[PDB]
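Participant: Attaching a single structure in structure tokens format; questions to follow.
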Amino acid sequence: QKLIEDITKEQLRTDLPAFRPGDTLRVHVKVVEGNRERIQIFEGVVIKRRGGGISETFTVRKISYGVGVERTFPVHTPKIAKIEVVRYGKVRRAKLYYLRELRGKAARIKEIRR
Amino acid sequence: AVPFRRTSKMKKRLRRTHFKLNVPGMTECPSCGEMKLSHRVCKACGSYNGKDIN
Amino acid sequence: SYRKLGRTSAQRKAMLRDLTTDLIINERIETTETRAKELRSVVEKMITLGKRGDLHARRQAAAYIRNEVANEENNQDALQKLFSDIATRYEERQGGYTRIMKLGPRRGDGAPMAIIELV
Amino acid sequence: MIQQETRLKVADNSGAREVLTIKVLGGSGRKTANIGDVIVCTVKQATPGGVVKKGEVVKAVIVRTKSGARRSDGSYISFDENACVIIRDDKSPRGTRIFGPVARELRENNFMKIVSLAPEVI
Amino acid sequence: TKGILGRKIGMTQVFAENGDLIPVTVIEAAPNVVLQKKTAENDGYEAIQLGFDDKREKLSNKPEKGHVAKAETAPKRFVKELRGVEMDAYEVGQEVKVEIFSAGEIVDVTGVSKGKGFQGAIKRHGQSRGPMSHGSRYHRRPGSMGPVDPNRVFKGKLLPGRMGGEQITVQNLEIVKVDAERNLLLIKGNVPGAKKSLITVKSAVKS
RNA sequence: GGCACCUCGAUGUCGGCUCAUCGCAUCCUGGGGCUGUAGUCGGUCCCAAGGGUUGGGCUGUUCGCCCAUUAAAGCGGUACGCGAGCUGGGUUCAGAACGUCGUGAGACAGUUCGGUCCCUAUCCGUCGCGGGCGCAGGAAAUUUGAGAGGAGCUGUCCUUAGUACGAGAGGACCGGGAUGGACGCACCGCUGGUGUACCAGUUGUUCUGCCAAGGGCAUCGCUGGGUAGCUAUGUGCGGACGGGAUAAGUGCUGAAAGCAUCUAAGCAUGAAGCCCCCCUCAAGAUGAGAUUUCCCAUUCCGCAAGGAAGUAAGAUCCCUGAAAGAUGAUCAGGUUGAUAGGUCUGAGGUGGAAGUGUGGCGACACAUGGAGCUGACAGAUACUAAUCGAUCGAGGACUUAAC
């Protein structure tokens, strides 16, 4: 896909920090409520890390007011401003789907600091 | 699925028209032959362009 | 894609692993033309594993090649011959190790046959 | 993504506990329902203290869905639990408060007053 | 009405200006050459036989070599007319390279569909499956032909069969960006056909 | 219902699941005339089959009732459409009961429980794909489109407007603007689904002499993810913008009947109808078309008619295969070569391999190291296999006219 790679390069976002699939990074996202853009911080654990250049995405997730939220973020979207990895975490796998059902302290066991 | 009637000899032979197998292609061997169909080792000398492997 | 041969998938692994072992001792084998085409893809990869000479690579050969005796008196394992004989013989060459000449159809069921041998 | 005969737990202080769906109001028509869709619904269960009572037939607007909602930005949202707020005729919610996160998809619709009661919007 | 037909290679996502995600199809498009120009007073109709993807002489037939000789061009593969070009448009033999298409133009797309192979009616026509339980042997099968009175199957009655490989129009697709240096087209929305298949890029009807 | 002309050496009943199509006395949408039509919303009679025609509860049911909807949830024909497609729930076999009738044996358009629905498609039919010959010489192509099919439905909101109207209450016609439903056509790059020669973890037993590290089997042993391909519940698009003659209507000039009068003369207006615009198959449209570019005008017989043997353009047999595919066919190719496999470099997937060292009593953990493993996805590389060859294939019929 060398030609396909040539197109994606123009929209490539090298500014984004490198990170492991298992961590509590905090994506910033402007929201056009109209007219001013609010900045909603959203901490959570990433799970999926699908490949495919610009099409790459990751699934940050967070419990909120007793209920979880699954807000996927594409890796190279313009809407992201900055990403801060508050904590690193050891992971025996790559697809941590199971943790969402394991409320609540059990989820923290996979969230061990590194 | 029981047929209502016996087939006529005409329709039968007409069905037989396409049933026949086609003749395989053949070529003379560079070494001796004869002959050898394309892209397969001869059962005779066993030569293959033109190496002798059995 | 990969050919099925109609075999059960569990059988398909053993069916390939058996042919890979029999080629080691016999150096050459005649089988059906279609199975022969499938055969070259698996065996040549095994030869690549023997190139590095790595101890980890030898264990990978055990996953496929079975523990059958090769040459008489020498008592070499079927795995061992690849790391001692075939590897040195193809240190220069890179791929194309297994030529497969076609052969006439078998009388017993019309199945086309093909010779398989290293080169 | 919600099919007919799909119980949906209550997200507001209507006094109801669980609320089964009846039929989508959209078209002849659509069976599926994302967020912001209005659906007539039955109250299978309810807390003893509240205006709502069991077996009542009242419309409710979807607030949360297990299915991943789509946006033009490409961002997706899928809550751990499905939810709806009870509403009658005028779209002001019967619930004094709305528990949990609320989808922003409601905001594009003139449903904005409901959004104001939300503790947080995602 | 212009149409630089060319093979697609791979699907891509492309965002610009607005933050919304826009799916995009790559197209090889350029270069193309006018092998011939039809005339209504002689050929009976207005058309231009554009070619695509030049190839070595070894694959070219002798009569094909003569057809391009008038075009002052090397022998080339597929050829299609595009009624109705605005004559005189271009001089004979002139090259074309994506210059016509702007990002704002709406563009119809036509091409051979990907082969699904021989298939059942449910895929071929979307017919509902029969019950899988309650002792019913019936499922997947197309069902009754219809009325007994005609004593014949109605023509055009749906039956399972091979699908795909037929040319299929997809109207009103929109271009996203233009890359003339790489001869790339970037049309929004799905474009029908197998990977690396030829695809026409005719101008959309307006308005 | 009546009659007993089809069938009692077999026409398998009812209601559904399946797919339909047809006809209008048109449920809705579009066109209107009259209203006890203020507006809004209706009533009625005329145009109109183009399209759309609901999800459940009760009952074997049709029907009907009820609930929630919808622009509307119209009827009927097609062996009360379809069982060599399916369902046996209802009646319509043999068992058993209740109630009633009969001395009994049994019976009951009275009811209840259980109860083998057989069949390899010959022909005509239809959905797809080839092999032949023809198309007055052989070919490679590109297409004209006689004809044929598909598509054909609509909701809301934002404006003009809170204006026209109405005491108020209510609330438009028309012209524009955005967003959905139902359905249809396509593609995976997102969302995912699957993914049996991909990766990892793990159980029992057995096999590699024992360790470490693996193999076989147990549904792929099980479990967790997933390339490609295949896919919708995902995405993108579709019914748009307009003409031609009209239907019911609305008419304009004017006569037969000096006035009058849509018509008898003559000119208009006028609909999701019809014809095209839109998309698709199509010159076996034996009416066999048209245009572009190639091969040449042979060699042998027979005085003639006509027939053979080679070849040119080109194609095939065979072979590497897939963007194709049941088999043919189609397309990419056949050694001045990337067609497939392999070999290298990647992408993606699964993710800290083996070995070694260190910490710990052990079990394990850490380091070496985003390592290792990689089936179909890419980029190059003749390293292998697409050998060597063979076969098919035209010498342009006779007339008339213009030259």
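Please note that chains go A, B, ... in the order of the structure tokens, that every chain numbers its residues from 1, and that ligands are numbered from 1 in the order shown.
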Would you list the contacts of residue 100 (chain D) as a PDB file with N, CA and C atoms, in the first residue's frame, taking every protein, DNA or RNA residue within 9 Å and counting only C-alpha atoms (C1' of nucleotides), but skipping same-chain residues closer than 4 positions in sequence?
Facilitator:
ATOM      1  N   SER A  64     -18.731   6.590  35.013  1.00  0.00           N
ATOM      2  CA  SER A  64     -19.157   7.938  35.378  1.00  0.00           C
ATOM      3  C   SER A  64     -20.521   7.926  36.059  1.00  0.00           C
ATOM      4  N   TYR A  65     -20.558   8.428  37.292  1.00  0.00           N
ATOM      5  CA  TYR A  65     -21.773   8.458  38.102  1.00  0.00           C
ATOM      6  C   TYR A  65     -22.403   7.073  38.220  1.00  0.00           C
ATOM      7  N   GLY A  66     -21.556   6.060  38.397  1.00  0.00           N
ATOM      8  CA  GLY A  66     -22.013   4.693  38.560  1.00  0.00           C
ATOM      9  C   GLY A  66     -22.260   3.952  37.258  1.00  0.00           C
ATOM     10  N   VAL A  67     -22.014   4.618  36.134  1.00  0.00           N
ATOM     11  CA  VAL A  67     -22.216   4.005  34.821  1.00  0.00           C
ATOM     12  C   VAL A  67     -21.034   4.296  33.899  1.00  0.00           C
ATOM     13  N   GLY A  68     -20.580   3.275  33.175  1.00  0.00           N
ATOM     14  CA  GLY A  68     -19.439   3.420  32.290  1.00  0.00           C
ATOM     15  C   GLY A  68     -19.756   4.126  30.985  1.00  0.00           C
TER      16      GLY A  68
ATOM     17  N   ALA D  11     -33.777   6.112  34.006  1.00  0.00           N
ATOM     18  CA  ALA D  11     -32.631   6.988  34.229  1.00  0.00           C
ATOM     19  C   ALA D  11     -32.981   8.278  34.973  1.00  0.00           C
ATOM     20  N   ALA D 118     -28.676  17.367  33.134  1.00  0.00           N
ATOM     21  CA  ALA D 118     -27.638  16.342  33.145  1.00  0.00           C
ATOM     22  C   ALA D 118     -26.421  16.783  33.952  1.00  0.00           C
ATOM     23  N   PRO D 119     -25.976  15.929  34.887  1.00  0.00           N
ATOM     24  CA  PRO D 119     -24.753  16.152  35.665  1.00  0.00           C
ATOM     25  C   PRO D 119     -23.518  16.277  34.778  1.00  0.00           C
ATOM     26  N   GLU D 120     -23.516  15.556  33.661  1.00  0.00           N
ATOM     27  CA  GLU D 120     -22.397  15.578  32.725  1.00  0.00           C
ATOM     28  C   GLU D 120     -22.864  15.170  31.329  1.00  0.00           C
TER      29      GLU D 120
END
Participant: If you run DSSP on this backbone, which residues of chain C come out as strand (DSSP E), and could you give them as a ChimeraX atom specification?
Facilitator: /C:28-32,98-99,102-103,113-118
Participant: Those residues with N, CA, C and O atoms, as a compact mmCIF listing (two decimals), in the first residue's frame please?
Facilitator:
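Here's the written file again00.txt:
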# COMPACT_ATOMS: atom_id res chain seq x y z
N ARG C 28 13.09 -37.73 -2.82
CA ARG C 28 12.12 -37.51 -3.88
C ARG C 28 10.88 -38.39 -3.71
O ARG C 28 10.97 -39.53 -3.25
N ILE C 29 9.72 -37.86 -4.09
CA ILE C 29 8.44 -38.55 -3.92
C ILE C 29 7.45 -38.21 -5.04
O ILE C 29 7.37 -37.06 -5.47
N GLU C 30 6.71 -39.21 -5.50
CA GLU C 30 5.66 -38.99 -6.50
C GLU C 30 4.27 -39.04 -5.86
O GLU C 30 3.88 -40.06 -5.29
N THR C 31 3.53 -37.94 -5.96
CA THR C 31 2.15 -37.90 -5.47
C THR C 31 1.25 -37.24 -6.51
O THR C 31 1.68 -36.95 -7.62
N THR C 32 -0.01 -37.01 -6.13
CA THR C 32 -0.98 -36.38 -7.02
C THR C 32 -0.59 -34.94 -7.36
O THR C 32 0.02 -34.25 -6.54
N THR C 98 12.35 -26.70 -4.29
CA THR C 98 11.59 -27.88 -4.67
C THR C 98 10.90 -27.76 -6.03
O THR C 98 9.78 -27.25 -6.12
N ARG C 99 11.57 -28.22 -7.08
CA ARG C 99 10.94 -28.34 -8.39
C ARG C 99 9.94 -29.50 -8.37
O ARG C 99 10.15 -30.49 -7.67
N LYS C 102 5.45 -32.52 -13.61
CA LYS C 102 4.16 -33.19 -13.79
C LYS C 102 4.34 -34.60 -14.37
O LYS C 102 5.33 -34.87 -15.05
N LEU C 103 3.38 -35.47 -14.11
CA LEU C 103 3.44 -36.86 -14.58
C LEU C 103 2.04 -37.31 -14.97
O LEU C 103 1.05 -36.73 -14.52
N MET C 113 -0.59 -37.25 -11.55
CA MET C 113 0.52 -37.40 -10.60
C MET C 113 1.64 -36.42 -10.90
O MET C 113 1.75 -35.92 -12.02
N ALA C 114 2.46 -36.13 -9.91
CA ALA C 114 3.61 -35.26 -10.12
C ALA C 114 4.78 -35.64 -9.22
O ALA C 114 4.61 -35.91 -8.04
N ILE C 115 5.98 -35.65 -9.80
CA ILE C 115 7.20 -35.91 -9.05
C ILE C 115 7.52 -34.72 -8.15
O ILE C 115 7.37 -33.58 -8.56
N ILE C 116 7.98 -34.99 -6.93
CA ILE C 116 8.45 -33.92 -6.05
C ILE C 116 9.87 -34.21 -5.59
O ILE C 116 10.12 -35.25 -4.98
N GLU C 117 10.79 -33.30 -5.87
CA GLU C 117 12.18 -33.49 -5.46
C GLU C 117 12.91 -32.17 -5.26
O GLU C 117 12.62 -31.17 -5.92
N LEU C 118 13.85 -32.18 -4.32
CA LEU C 118 14.68 -31.02 -4.04
C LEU C 118 15.69 -30.75 -5.15
O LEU C 118 16.16 -31.67 -5.81
Participant: So, counting only C-alpha atoms (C1' of nucleotides), which residue among F:101, F:164, F:121, F:182 is closest to chain D?
Facilitator: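 Looking only at the distances to chain D, the closest residue turns out to be F:182.
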Participant: Taking only C-alpha atoms (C1' of nucleotides) into account, which residues of chain A are within 7 Å of chain F, as a list in words?
Facilitator: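 Close enough to count are residues 1, 51, 55, 93, 94 and 95 of chain A.
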Participant: Would you mind listing, as a list in words, all residues of chain A that have at least one atom within 6 Å of chain D, where only C-alpha atoms are what counts?
Facilitator: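 Only these qualify: residues 65, 68, 69, 70, 71, 72 and 73 of chain A.
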Participant: May I have a table of the residues of chain F lying at most 8 Å from chain D, giving each one's closest pair of atoms and their distance in Å to one decimal, counting only C-alpha atoms (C1' of nucleotides), ordered by chain and ascending residue number, as CSV?
Facilitator:
residue,atom,partner,partner_atom,distance
F:54,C1',D:28,CA,6.9
F:55,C1',D:23,CA,7.7
F:68,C1',D:23,CA,6.1
F:69,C1',D:25,CA,6.5
F:70,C1',D:28,CA,4.8
F:155,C1',D:27,CA,6.7
F:181,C1',D:27,CA,4.6
F:182,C1',D:29,CA,6.4
F:190,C1',D:74,CA,7.4
F:191,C1',D:68,CA,7.2
F:233,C1',D:1,CA,7.9
Participant: Excluding residue 1 (chain C) and residues on its chain fewer than 5 positions from it, collect all residues at most 12 Å away from it, counting only C-alpha atoms (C1' of nucleotides), and give them as JSON, numbers by chain.
Facilitator: {"C": [38, 41], "F": [197, 228, 229, 321, 322, 340, 341, 375, 376]}
Participant: Write a file of the just-selected residues containing C-alpha atoms (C1' of nucleotides), as a PDB file, in the first residue's frame.
Facilitator:
ATOM      1  CA  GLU C  38       0.267 -27.487  -2.029  1.00  0.00           C
ATOM      2  CA  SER C  41       4.651 -24.100   0.063  1.00  0.00           C
TER       3      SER C  41
ATOM      4  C1'   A F 197      -2.568 -24.540   8.217  1.00  0.00           C
ATOM      5  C1'   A F 228      -7.648 -11.659   3.998  1.00  0.00           C
ATOM      6  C1'   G F 229     -12.053 -13.064   1.947  1.00  0.00           C
ATOM      7  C1'   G F 321      -3.148 -18.426 -11.911  1.00  0.00           C
ATOM      8  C1'   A F 322      -7.101 -15.054  -9.965  1.00  0.00           C
ATOM      9  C1'   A F 340       1.555 -18.205  -8.862  1.00  0.00           C
ATOM     10  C1'   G F 341       4.775 -20.227  -5.025  1.00  0.00           C
ATOM     11  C1'   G F 375      -2.830 -18.686   6.345  1.00  0.00           C
ATOM     12  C1'   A F 376      -4.432 -16.299   2.210  1.00  0.00           C
TER      13        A F 376
END
Participant: Distance cut-off 9 Å, counting only C-alpha atoms - which residues of chain B neighbour chain C? Return them as a PDB file with N, CA, C and O atoms, in the first residue's frame.
Facilitator:
ATOM      1  N   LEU B  37       2.012 -35.660 -23.984  1.00  0.00           N
ATOM      2  CA  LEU B  37       1.099 -34.536 -23.812  1.00  0.00           C
ATOM      3  C   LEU B  37       1.832 -33.407 -23.092  1.00  0.00           C
ATOM      4  O   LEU B  37       2.769 -33.652 -22.333  1.00  0.00           O
ATOM      5  N   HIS B  39       3.296 -30.414 -20.826  1.00  0.00           N
ATOM      6  CA  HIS B  39       3.508 -30.114 -19.409  1.00  0.00           C
ATOM      7  C   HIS B  39       3.353 -31.298 -18.456  1.00  0.00           C
ATOM      8  O   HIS B  39       3.009 -31.107 -17.291  1.00  0.00           O
ATOM      9  N   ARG B  40       3.628 -32.508 -18.934  1.00  0.00           N
ATOM     10  CA  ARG B  40       3.714 -33.679 -18.060  1.00  0.00           C
ATOM     11  C   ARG B  40       4.797 -34.631 -18.556  1.00  0.00           C
ATOM     12  O   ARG B  40       4.992 -34.788 -19.761  1.00  0.00           O
ATOM     13  N   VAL B  41       5.499 -35.265 -17.620  1.00  0.00           N
ATOM     14  CA  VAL B  41       6.594 -36.168 -17.953  1.00  0.00           C
ATOM     15  C   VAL B  41       6.095 -37.397 -18.712  1.00  0.00           C
ATOM     16  O   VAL B  41       5.084 -37.997 -18.345  1.00  0.00           O
ATOM     17  N   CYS B  42       6.811 -37.766 -19.771  1.00  0.00           N
ATOM     18  CA  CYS B  42       6.492 -38.963 -20.539  1.00  0.00           C
ATOM     19  C   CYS B  42       6.730 -40.225 -19.714  1.00  0.00           C
ATOM     20  O   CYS B  42       7.657 -40.283 -18.905  1.00  0.00           O
ATOM     21  N   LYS B  43       5.889 -41.232 -19.925  1.00  0.00           N
ATOM     22  CA  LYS B  43       6.037 -42.508 -19.239  1.00  0.00           C
ATOM     23  C   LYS B  43       7.132 -43.350 -19.886  1.00  0.00           C
ATOM     24  O   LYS B  43       7.552 -44.369 -19.339  1.00  0.00           O
ATOM     25  N   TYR B  48      12.677 -34.685 -19.427  1.00  0.00           N
ATOM     26  CA  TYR B  48      11.944 -33.444 -19.199  1.00  0.00           C
ATOM     27  C   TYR B  48      12.828 -32.233 -19.502  1.00  0.00           C
ATOM     28  O   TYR B  48      13.685 -31.862 -18.701  1.00  0.00           O
ATOM     29  N   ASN B  54      13.585 -39.997 -13.368  1.00  0.00           N
ATOM     30  CA  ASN B  54      12.613 -41.079 -13.261  1.00  0.00           C
ATOM     31  C   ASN B  54      11.948 -41.119 -11.890  1.00  0.00           C
ATOM     32  O   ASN B  54      12.522 -41.610 -10.921  1.00  0.00           O
TER      33      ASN B  54
END
Participant: Could you name the residues that touch residue 89 (chain C) at 12 Å or less, counting only C-alpha atoms (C1' of nucleotides), but leaving out those on the same chain fewer than 5 positions away, as a PyMOL selection string?
Facilitator: chain C and resi 47+50-51+81-84+94+97+118-119
Participant: Write the selection just made, keeping N, CA and C atoms, as a CSV table (one decimal), in the first residue's frame?
Facilitator:
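So out32.csv came out as:
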chain,number,residue,atom,x,y,z
C,47,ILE,N,12.9,-25.6,5.2
C,47,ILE,CA,14.3,-25.4,4.8
C,47,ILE,C,14.9,-24.1,5.3
C,50,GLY,N,16.1,-24.1,8.8
C,50,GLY,CA,17.3,-24.8,9.0
C,50,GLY,C,18.5,-23.9,8.7
C,51,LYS,N,18.3,-22.8,8.1
C,51,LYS,CA,19.4,-21.9,7.6
C,51,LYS,C,20.1,-21.2,8.7
C,81,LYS,N,19.1,-33.9,9.7
C,81,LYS,CA,19.7,-33.9,8.4
C,81,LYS,C,19.5,-32.5,7.7
C,82,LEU,N,18.5,-31.8,8.1
C,82,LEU,CA,18.3,-30.5,7.5
C,82,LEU,C,19.3,-29.5,8.0
C,83,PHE,N,19.8,-29.7,9.3
C,83,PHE,CA,20.7,-28.8,9.9
C,83,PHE,C,22.2,-29.3,9.6
C,84,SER,N,22.3,-30.4,9.0
C,84,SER,CA,23.7,-31.0,8.8
C,84,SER,C,24.0,-31.2,7.3
C,94,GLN,N,18.6,-19.2,-2.7
C,94,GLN,CA,17.5,-18.6,-1.8
C,94,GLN,C,16.1,-18.9,-2.5
C,97,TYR,N,13.7,-24.3,-4.0
C,97,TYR,CA,14.4,-25.5,-3.6
C,97,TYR,C,13.7,-26.8,-4.1
C,118,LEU,N,13.8,-32.2,-4.3
C,118,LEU,CA,14.7,-31.0,-4.0
C,118,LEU,C,15.7,-30.7,-5.2
C,119,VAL,N,16.0,-29.5,-5.4
C,119,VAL,CA,17.0,-29.1,-6.4
C,119,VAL,C,17.7,-27.8,-6.0
Participant: What residues in chain B lie within 9 Å of chain F, counting only C-alpha atoms (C1' of nucleotides), written as number ranges by chain?
Facilitator: B: 1-7, 18, 24-30, 37-39, 48-50
Participant: Now that the selection is made, can you save its residues with N, CA and C atoms as a CSV table (one decimal), in the first residue's frame?
Facilitator:
chain,number,residue,atom,x,y,z
B,1,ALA,N,-40.5,-37.6,-7.8
B,1,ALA,CA,-40.0,-37.1,-9.1
B,1,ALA,C,-40.0,-38.2,-10.1
B,2,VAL,N,-41.2,-38.7,-10.4
B,2,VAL,CA,-41.4,-39.7,-11.4
B,2,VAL,C,-41.7,-39.2,-12.8
B,3,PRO,N,-40.8,-39.5,-13.8
B,3,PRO,CA,-41.1,-39.0,-15.1
B,3,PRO,C,-42.4,-39.5,-15.7
B,4,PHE,N,-43.0,-38.7,-16.5
B,4,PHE,CA,-44.4,-39.0,-17.0
B,4,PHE,C,-44.3,-40.0,-18.2
B,5,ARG,N,-43.1,-40.0,-18.9
B,5,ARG,CA,-43.0,-40.8,-20.1
B,5,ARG,C,-41.6,-41.2,-20.5
B,6,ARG,N,-41.4,-42.3,-21.2
B,6,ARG,CA,-40.1,-42.7,-21.7
B,6,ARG,C,-39.6,-41.7,-22.7
B,7,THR,N,-38.3,-41.4,-22.7
B,7,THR,CA,-37.7,-40.5,-23.7
B,7,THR,C,-37.6,-41.2,-25.0
B,18,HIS,N,-23.3,-34.2,-26.4
B,18,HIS,CA,-22.3,-33.4,-25.6
B,18,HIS,C,-21.6,-34.3,-24.6
B,24,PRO,N,-7.4,-35.4,-25.6
B,24,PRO,CA,-6.3,-34.7,-25.0
B,24,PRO,C,-5.3,-34.2,-26.0
B,25,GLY,N,-4.6,-33.1,-25.8
B,25,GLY,CA,-3.6,-32.6,-26.7
B,25,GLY,C,-2.3,-33.5,-26.5
B,26,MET,N,-1.5,-33.5,-27.6
B,26,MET,CA,-0.3,-34.3,-27.6
B,26,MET,C,0.8,-33.6,-28.4
B,27,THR,N,2.1,-33.9,-28.0
B,27,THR,CA,3.2,-33.4,-28.7
B,27,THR,C,4.4,-34.4,-28.8
B,28,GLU,N,5.1,-34.4,-29.9
B,28,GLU,CA,6.3,-35.3,-30.0
B,28,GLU,C,7.4,-34.9,-29.1
B,29,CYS,N,8.0,-35.9,-28.5
B,29,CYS,CA,9.2,-35.6,-27.6
B,29,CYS,C,10.4,-35.1,-28.3
B,30,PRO,N,11.1,-34.1,-27.7
B,30,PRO,CA,12.3,-33.6,-28.2
B,30,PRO,C,13.4,-34.7,-28.3
B,37,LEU,N,2.0,-35.7,-24.0
B,37,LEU,CA,1.1,-34.5,-23.8
B,37,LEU,C,1.8,-33.4,-23.1
B,38,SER,N,1.4,-32.2,-23.3
B,38,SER,CA,2.1,-31.0,-22.8
B,38,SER,C,2.2,-30.9,-21.3
B,39,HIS,N,3.3,-30.4,-20.8
B,39,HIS,CA,3.5,-30.1,-19.4
B,39,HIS,C,3.4,-31.3,-18.5
B,48,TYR,N,12.7,-34.7,-19.4
B,48,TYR,CA,11.9,-33.4,-19.2
B,48,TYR,C,12.8,-32.2,-19.5
B,49,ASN,N,12.6,-31.7,-20.7
B,49,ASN,CA,13.3,-30.5,-21.2
B,49,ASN,C,14.7,-30.1,-20.7
B,50,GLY,N,15.7,-31.0,-21.0
B,50,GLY,CA,15.5,-32.3,-21.6
B,50,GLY,C,16.0,-33.4,-20.6
Participant: Give the residues of chain E that lie within 7 Å of chain A; count only C-alpha atoms, and format the answer as a ChimeraX atom specification.
Facilitator: /E:10,13,19
Participant: Could you list, with a cut-off of 9 Å and counting only C-alpha atoms (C1' of nucleotides), the residues of chain F near chain E, each shown with its nearest atom pair and the distance in Å rounded to one decimal, rows sorted by chain and ascending number, as CSV?
Facilitator:
residue,atom,partner,partner_atom,distance
F:17,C1',E:130,CA,7.0
F:18,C1',E:143,CA,5.4
F:19,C1',E:143,CA,5.9
F:20,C1',E:146,CA,6.0
F:21,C1',E:146,CA,8.0
F:78,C1',E:147,CA,5.7
F:79,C1',E:148,CA,7.1
F:81,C1',E:147,CA,4.9
F:82,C1',E:146,CA,5.4
F:85,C1',E:143,CA,5.1
F:86,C1',E:138,CA,4.8
F:87,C1',E:136,CA,5.9
F:124,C1',E:152,CA,8.5
F:125,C1',E:152,CA,5.4
F:126,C1',E:153,CA,5.3
F:127,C1',E:159,CA,4.6
F:128,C1',E:161,CA,5.4
F:129,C1',E:162,CA,8.9
F:139,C1',E:63,CA,8.7
F:140,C1',E:63,CA,6.0
F:141,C1',E:64,CA,7.5
F:142,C1',E:79,CA,7.2
F:143,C1',E:81,CA,8.1
F:144,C1',E:44,CA,7.4
F:149,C1',E:156,CA,8.8
F:185,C1',E:170,CA,7.6
F:186,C1',E:192,CA,5.5
F:187,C1',E:190,CA,4.8
F:188,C1',E:11,CA,7.8
F:189,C1',E:11,CA,5.1
F:190,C1',E:23,CA,8.1
F:230,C1',E:116,CA,8.9
F:235,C1',E:190,CA,7.8
F:236,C1',E:189,CA,4.1
F:237,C1',E:170,CA,6.2
F:238,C1',E:171,CA,7.2
F:240,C1',E:207,CA,7.6
F:241,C1',E:207,CA,5.2
F:279,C1',E:169,CA,6.7
F:280,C1',E:168,CA,7.6
F:290,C1',E:43,CA,7.2
F:291,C1',E:43,CA,5.4
F:292,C1',E:67,CA,6.8
F:293,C1',E:67,CA,4.4
F:294,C1',E:63,CA,3.8
F:313,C1',E:62,CA,7.5
F:314,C1',E:61,CA,8.2
F:323,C1',E:194,CA,5.1
F:324,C1',E:115,CA,7.2
F:325,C1',E:117,CA,7.0
F:326,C1',E:118,CA,8.2
Participant: Have a look at CA of residue 34 (chain C) and CA of residue 3 (chain C) and let me know their distance in Å, one decimal.
Facilitator: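 Rounded to one decimal, the two atoms are 8.6 Å apart.
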Participant: Could you please determine the separation between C1' of residue 59 (chain F) and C1' of residue 115 (chain F) in Å, to one decimal place?
Facilitator: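 Atom-to-atom, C1' of residue 59 (chain F) and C1' of residue 115 (chain F) are spaced 22.8 Å apart.
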Participant: Would you compute the distance between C1' of residue 243 (chain F) and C1' of residue 276 (chain F)? Give it in Å to one decimal.
Facilitator: 8.3 Å
Participant: Do a neighbour search on region 107-110 of chain A at 10 Å with only C-alpha atoms (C1' of nucleotides), toss out local chain neighbours closer than 4 positions, and write the hits as a VMD selection string.
Facilitator: chain A and resid 22 to 23 45 89 to 92 96 98 to 103
Participant: With C-alpha atoms retained, write the just-selected residues as a compact mmCIF listing (two decimals), in the first residue's frame.
Facilitator:
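The resulting out27.txt:
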# COMPACT_ATOMS: atom_id res chain seq x y z
CA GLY A 22 -3.24 -0.47 28.91
CA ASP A 23 -3.05 3.06 30.40
CA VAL A 45 -8.36 3.02 30.13
CA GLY A 89 -0.40 -0.38 33.44
CA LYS A 90 0.82 -3.95 32.92
CA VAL A 91 -1.30 -5.99 30.50
CA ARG A 92 -1.08 -9.73 29.74
CA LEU A 96 -8.94 -5.78 27.52
CA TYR A 98 -13.22 -8.14 30.13
CA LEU A 99 -12.43 -5.32 32.58
CA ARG A 100 -15.67 -3.39 31.99
CA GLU A 101 -17.73 -6.18 33.57
CA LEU A 102 -15.34 -6.47 36.51
CA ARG A 103 -16.53 -3.59 38.68
